[PDB]
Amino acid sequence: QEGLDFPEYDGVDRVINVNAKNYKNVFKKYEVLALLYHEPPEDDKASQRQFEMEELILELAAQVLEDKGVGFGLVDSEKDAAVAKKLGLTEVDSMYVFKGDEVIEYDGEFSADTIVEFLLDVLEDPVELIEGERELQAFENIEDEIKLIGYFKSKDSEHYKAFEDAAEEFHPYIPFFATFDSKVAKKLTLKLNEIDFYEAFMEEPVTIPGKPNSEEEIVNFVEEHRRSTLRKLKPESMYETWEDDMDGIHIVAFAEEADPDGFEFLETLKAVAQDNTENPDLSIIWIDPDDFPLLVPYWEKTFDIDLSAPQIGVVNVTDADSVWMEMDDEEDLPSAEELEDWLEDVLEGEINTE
């Protein structure tokens, strides 16, 4: 209770419809503005209470973040079509966050805490500094996300400023790090103004060519290397990741990292992904079921799998049709060779959902 009191919605109306009349003043009122771009709801009671539930979630987030200068609004895809075209709102059910000169699309779990955590991340500065051996270890501990790190003279360096400009383009989904510490740069093998790109779960980085790097060179490189061989599904971006597949067919690996059997399978998956990381056609989404408890019974019934054991399979996003690697039980995990056999069969189409 005292010192540990979750906020409860006070009923004050803070999330309003944004339209051609007020959108210019609403932007002036709030330093950071989050606009949910939505289609008009249907009269169905299941979709009626659904839409009212969404706005109340934004109402709680608006209350929690009021003092930090964050505002929330709603934009109707039909009623406010001219406003949506002017602002760049194009994907229904996405929430567009306006910070400075940037527009950030939120396409993640629509819950109050996930949205507030995301907005708190948006409020942070886009570049994290690294100085000393212990901060370097914190950088090295990052593995489940893409990361960049550059070595510059100081914050006054023109090349640091270009690095920060590029960081703003991907904020807050890709952490950018900068060091002015020559001893840190030496251990990372970074020469002056060099920037290293670390693919998720990869040990070895890729150095951005053509140093020093303009904002344009960094942004183009990151866009070219956007898709990791192994990606971890995260609530803040779960629908963006789920929708980011060419043929709507995912290789999905379920592994509970804290469980001994899940850990064993995760080791093999990471090693295979590392050994095959140059394959431009291989991409695997790792889901830790402990990150999505409300989806665990849904997954087990829809996929006909037991999520207390590791799994890897093929999922068709059209109708959740799926096929899974055969294991006798949790102790019959594939070797790296067996896993590589199975992935090659999936890429060739020999193993499929159809």
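Sequential numbering from 1, following the sequence displayed.
Mean CA temperature factor is higher for 238 to 246 when stretches 238 to 246 and 208 to 216 are set side by side in the entry. Stretches 334 to 342 and 9 to 17 differ in mean CA B factor, with 9 to 17 having the higher one.
Of the residues listed, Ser308, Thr318, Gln63, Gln311, the entry assigns the biggest Cα temperature factor to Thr318. The entry lists C-alpha B-factors for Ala271, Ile104, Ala84, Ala178, and the highest of these is at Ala84. For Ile285, the recorded CA temperature factor ranks within the lowest third of the chain's modelled residues. For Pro172, the recorded CA temperature factor ranks within the lowest third of the chain's modelled residues. In the PDB entry, a CA B factor belonging to the highest third of its chain's modelled residues is recorded for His225.
Per-chain ranking of the deposited C-alpha B factor places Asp291 in the lowest third. Among the modelled residues of its chain, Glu78 has a C-alpha B-factor that falls in the highest third, as given in the PDB entry.
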